[PDB]
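Heads up: the structure comes next, in structure tokens.
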Amino acid sequence: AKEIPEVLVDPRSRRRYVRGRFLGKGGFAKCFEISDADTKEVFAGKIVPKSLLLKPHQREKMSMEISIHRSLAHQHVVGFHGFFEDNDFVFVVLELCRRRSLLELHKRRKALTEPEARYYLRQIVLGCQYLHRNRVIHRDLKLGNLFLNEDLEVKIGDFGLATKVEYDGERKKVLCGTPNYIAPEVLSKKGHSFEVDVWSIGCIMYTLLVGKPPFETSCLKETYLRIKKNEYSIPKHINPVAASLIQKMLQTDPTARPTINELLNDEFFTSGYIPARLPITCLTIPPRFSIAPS
Ligand SMILES: Nc1ncnc2c1ncn2[C@@H]1O[C@H](COP(=O)(O)OP(=O)(O)NP(=O)(O)O)[C@@H](O)[C@H]1O
Ligand SMILES: [Zn+2]
């Protein structure tokens, strides 16, 4: 393995990025804080070694991911600030999300308060609404792909399984990769579109409110069996408005699911308290949303 430069240089822009603290790893990419040596502005740098891009198919996926991600601009989508390469690495410059993802929140907090779930799910639906309006299916919406900035605002990231719908009614027959919250129409290879993202948000809603994923077993294939059969149950302590929206979203028939555009008009959002912001304490301590201090 070749060792990553301590300074990243974009020859076309002229900008220079000092490699700061290591943020984490996934598939091909190591992620670091990187600072523009001029402006001192700090970004997430995703660094992919070309030594793992030897096959054209893997190169085509990376270039498709960049093509999709670079064209997106929205408050609840990870900002794409640029990309460049040398002989050994592809460098992608992203909006730094300093508070990790909803996966690290989930591991610490398990089941969230209903208003927290409402707050996060609104932002996820808003981001995904932007994607679907722009004919992008994410196809891997999960807690680990839902990044949190310093103000605990949701940023949808990782367009590694994302695809452009090219014409009305196009059904994708190929999903090269394994999504976490995989839709039944993908498992049964019956062809799929935008509705797989609504299924995924259904699973995310269930996990945030319940404190565990809806179809979890010890075997991934036993899990796929349960998804096929629609074999989940909502605990009885879940409020029936929440329970009802989960049920609408987690239907086997993708035509029966609400579209991304129907979701925010649901009773779960309109008839419930949505906080305008969450304090940092919500990373570790359940909020009470008290009317005043004591
Ligand atoms: N904008 C960002 N801000 C902060 N950390 C980030 C950011 N983008 C990526 N990371 C971190 O780097 C990891 C890998 O990047 P990611 O975009 O998730 O691609 P991946 O390699 O496909 N991983 P995965 O999401 O697990 O499938 C993430 O899980 C985070 O730990
Ligand atoms: Zn493939």
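Residues are named by chain letter and number: chains run A, B, ... in the order of the structure tokens, numbers start at 1 in each chain, and ligands are numbered from 1 in the order shown.
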Do you know which residues are at most 10 Å from residue 51 in chain A counting only C-alpha atoms, after dropping those on the same chain fewer than 3 positions away, and could you put them as a PyMOL selection string?
-> chain A and resi 1-2+28+48+54-55+87-89
Now that the selection is made, can you save its residues with N, CA and C atoms as an mmCIF file, in the first residue's frame?
data_model
loop_
_atom_site.group_PDB
_atom_site.id
_atom_site.type_symbol
_atom_site.label_atom_id
_atom_site.label_comp_id
_atom_site.auth_asym_id
_atom_site.auth_seq_id
_atom_site.Cartn_x
_atom_site.Cartn_y
_atom_site.Cartn_z
ATOM 1 N N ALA A 1 0.860 -1.221 0.000
ATOM 2 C CA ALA A 1 0.000 0.000 0.000
ATOM 3 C C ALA A 1 0.884 1.255 0.000
ATOM 4 N N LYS A 2 0.527 2.258 -0.812
ATOM 5 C CA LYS A 2 1.225 3.571 -0.888
ATOM 6 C C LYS A 2 0.653 4.498 0.188
ATOM 7 N N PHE A 28 -13.531 1.615 -0.109
ATOM 8 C CA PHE A 28 -12.232 1.993 -0.733
ATOM 9 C C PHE A 28 -11.640 3.251 -0.073
ATOM 10 N N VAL A 48 -9.434 7.781 -1.989
ATOM 11 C CA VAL A 48 -9.563 6.414 -2.574
ATOM 12 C C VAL A 48 -8.282 6.101 -3.345
ATOM 13 N N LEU A 54 -8.583 -0.791 -10.131
ATOM 14 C CA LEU A 54 -7.830 -1.450 -11.234
ATOM 15 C C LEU A 54 -8.799 -1.922 -12.324
ATOM 16 N N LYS A 55 -10.023 -2.289 -11.951
ATOM 17 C CA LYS A 55 -11.042 -2.801 -12.900
ATOM 18 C C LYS A 55 -11.909 -1.635 -13.364
ATOM 19 N N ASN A 87 -1.439 10.086 -9.338
ATOM 20 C CA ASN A 87 -1.198 8.746 -9.936
ATOM 21 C C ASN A 87 -1.788 7.656 -9.040
ATOM 22 N N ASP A 88 -1.906 7.915 -7.735
ATOM 23 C CA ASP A 88 -2.147 6.858 -6.717
ATOM 24 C C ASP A 88 -3.508 7.032 -6.030
ATOM 25 N N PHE A 89 -4.113 8.227 -6.055
ATOM 26 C CA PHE A 89 -5.331 8.526 -5.251
ATOM 27 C C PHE A 89 -6.344 9.373 -6.024
#
May I have the residues within 10 Å of residue 199 in chain A as a ChimeraX atom specification, using only C-alpha atoms and disregarding those fewer than 5 positions away in the same chain?
-> /A:139,141,181-184,194,204-205,246,248-252,254,257-258
Put those residues in a file: N, CA and C atoms, as a CSV table (one decimal), in the first residue's frame.
chain,number,residue,atom,x,y,z
A,139,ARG,N,-30.8,4.7,-2.9
A,139,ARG,CA,-30.8,3.2,-2.9
A,139,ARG,C,-30.0,2.6,-1.7
A,141,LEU,N,-30.2,4.4,1.8
A,141,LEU,CA,-30.5,5.3,2.9
A,141,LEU,C,-30.4,4.4,4.2
A,181,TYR,N,-31.0,-1.4,4.4
A,181,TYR,CA,-32.4,-1.5,4.4
A,181,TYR,C,-33.0,-1.7,3.0
A,182,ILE,N,-32.7,-2.9,2.5
A,182,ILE,CA,-33.0,-3.4,1.1
A,182,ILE,C,-34.5,-3.6,1.0
A,183,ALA,N,-35.1,-3.1,0.0
A,183,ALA,CA,-36.6,-3.1,-0.3
A,183,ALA,C,-36.9,-4.5,-0.9
A,184,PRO,N,-38.1,-5.1,-0.6
A,184,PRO,CA,-38.5,-6.4,-1.1
A,184,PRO,C,-38.5,-6.5,-2.6
A,194,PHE,N,-37.9,4.8,-7.3
A,194,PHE,CA,-37.8,5.7,-6.2
A,194,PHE,C,-38.3,5.1,-4.9
A,204,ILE,N,-35.8,3.3,8.8
A,204,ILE,CA,-35.1,4.3,9.6
A,204,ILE,C,-36.0,4.9,10.7
A,205,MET,N,-37.3,5.2,10.3
A,205,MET,CA,-38.3,5.6,11.2
A,205,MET,C,-38.5,4.6,12.3
A,246,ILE,N,-45.3,4.2,9.5
A,246,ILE,CA,-44.3,3.0,9.3
A,246,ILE,C,-45.0,2.0,8.5
A,248,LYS,N,-47.6,2.2,6.4
A,248,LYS,CA,-47.8,2.7,5.0
A,248,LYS,C,-46.5,2.6,4.2
A,249,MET,N,-45.3,2.9,4.8
A,249,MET,CA,-44.0,3.0,4.2
A,249,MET,C,-43.4,1.5,4.0
A,250,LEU,N,-43.7,0.6,4.9
A,250,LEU,CA,-43.1,-0.8,4.9
A,250,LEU,C,-44.1,-1.8,4.3
A,251,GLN,N,-44.7,-1.4,3.1
A,251,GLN,CA,-45.6,-2.3,2.4
A,251,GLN,C,-44.7,-3.0,1.3
A,252,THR,N,-45.0,-4.3,1.1
A,252,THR,CA,-44.3,-5.2,0.1
A,252,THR,C,-44.4,-4.6,-1.3
A,254,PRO,N,-44.5,-1.8,-3.8
A,254,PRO,CA,-44.0,-0.5,-3.8
A,254,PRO,C,-45.0,0.6,-4.3
A,257,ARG,N,-46.9,2.1,-1.3
A,257,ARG,CA,-46.2,3.1,-0.4
A,257,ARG,C,-46.5,4.5,-0.8
A,258,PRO,N,-46.5,5.5,0.2
A,258,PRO,CA,-46.5,6.9,-0.2
A,258,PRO,C,-45.3,7.3,-1.0
Apply DSSP to the structure's backbone, then extract all residues of range 18-83 of chain A labelled strand (DSSP E) and return them as number ranges by chain.
-> A: 18-26, 29-36, 42-49, 80-83
Okay, now the selection with C-alpha atoms, as a PDB file, in the first residue's frame?
ATOM      1  CA  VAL A  18      -3.379  19.930   4.789  1.00  0.00           C
ATOM      2  CA  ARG A  19      -4.419  16.380   5.885  1.00  0.00           C
ATOM      3  CA  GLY A  20      -5.884  16.789   9.434  1.00  0.00           C
ATOM      4  CA  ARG A  21      -7.512  14.235  11.820  1.00  0.00           C
ATOM      5  CA  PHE A  22      -8.676  10.746  10.606  1.00  0.00           C
ATOM      6  CA  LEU A  23     -12.542  10.624  10.546  1.00  0.00           C
ATOM      7  CA  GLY A  24     -13.002   6.923   9.544  1.00  0.00           C
ATOM      8  CA  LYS A  25     -13.002   4.266   6.759  1.00  0.00           C
ATOM      9  CA  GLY A  26     -15.536   2.568   4.397  1.00  0.00           C
ATOM     10  CA  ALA A  29     -12.156   5.463   0.982  1.00  0.00           C
ATOM     11  CA  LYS A  30     -10.250   6.666   4.086  1.00  0.00           C
ATOM     12  CA  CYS A  31     -11.813   9.993   5.305  1.00  0.00           C
ATOM     13  CA  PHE A  32      -9.815  12.829   6.997  1.00  0.00           C
ATOM     14  CA  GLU A  33     -10.466  16.439   8.052  1.00  0.00           C
ATOM     15  CA  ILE A  34      -8.550  18.532   5.433  1.00  0.00           C
ATOM     16  CA  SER A  35      -7.932  22.337   5.722  1.00  0.00           C
ATOM     17  CA  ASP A  36      -7.440  24.765   2.781  1.00  0.00           C
ATOM     18  CA  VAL A  42     -12.042  22.676   6.966  1.00  0.00           C
ATOM     19  CA  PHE A  43     -13.634  19.927   4.779  1.00  0.00           C
ATOM     20  CA  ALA A  44     -14.088  16.136   4.818  1.00  0.00           C
ATOM     21  CA  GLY A  45     -11.571  14.601   2.352  1.00  0.00           C
ATOM     22  CA  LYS A  46     -12.535  11.104   1.066  1.00  0.00           C
ATOM     23  CA  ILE A  47      -9.275   9.523  -0.291  1.00  0.00           C
ATOM     24  CA  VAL A  48      -9.563   6.414  -2.574  1.00  0.00           C
ATOM     25  CA  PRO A  49      -6.349   4.628  -3.695  1.00  0.00           C
ATOM     26  CA  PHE A  80     -19.748  18.481  -2.889  1.00  0.00           C
ATOM     27  CA  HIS A  81     -16.900  21.080  -2.883  1.00  0.00           C
ATOM     28  CA  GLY A  82     -14.620  19.335  -5.466  1.00  0.00           C
ATOM     29  CA  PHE A  83     -12.521  16.319  -6.569  1.00  0.00           C
TER      30      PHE A  83
END
List the neighbours of residue 283 in chain A out to 9 Å using only C-alpha atoms; skip same-chain residues closer than 3 positions along the sequence, and give me the result as a ChimeraX atom specification.
-> /A:99,104-105,108-109,152,279-280,286
Residues of chain A at most 8 Å from ligand 2: nearest atom pair and distance in Å, only C-alpha atoms and all ligand atoms, as CSV:
residue,atom,partner,partner_atom_place_in_ligand_line,distance
A:57,CA,ligand 2,1 (Zn),6.7
A:58,CA,ligand 2,1 (Zn),7.7
A:175,CA,ligand 2,1 (Zn),7.8
A:176,CA,ligand 2,1 (Zn),4.5
A:177,CA,ligand 2,1 (Zn),7.3
Put those residues in a file: C-alpha atoms, as a PDB file, in the first residue's frame.
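And here is the file that came out, part02.pdb:
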ATOM      1  CA  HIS A  57     -16.405  -1.436 -13.606  1.00  0.00           C
ATOM      2  CA  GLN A  58     -15.144  -0.177 -10.175  1.00  0.00           C
ATOM      3  CA  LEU A 175     -28.283  -2.871  -7.936  1.00  0.00           C
ATOM      4  CA  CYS A 176     -24.508  -3.597  -7.818  1.00  0.00           C
ATOM      5  CA  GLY A 177     -23.968  -3.461  -4.021  1.00  0.00           C
TER       6      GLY A 177
END
Non-local contacts of residue 167 in chain A (12 Å; only C-alpha atoms; under 2 positions in same chain excluded) as a ChimeraX atom specification | /A:134-136,164-165,169-172,193
Taking into account only C-alpha atoms, which residue in the set A:50, A:59, A:74, A:106 is nearest to residue 211 in chain A?
-> A:106
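Between CA of residue 195 in chain A and CA of residue 124 in chain A the separation is 14.7 Å.
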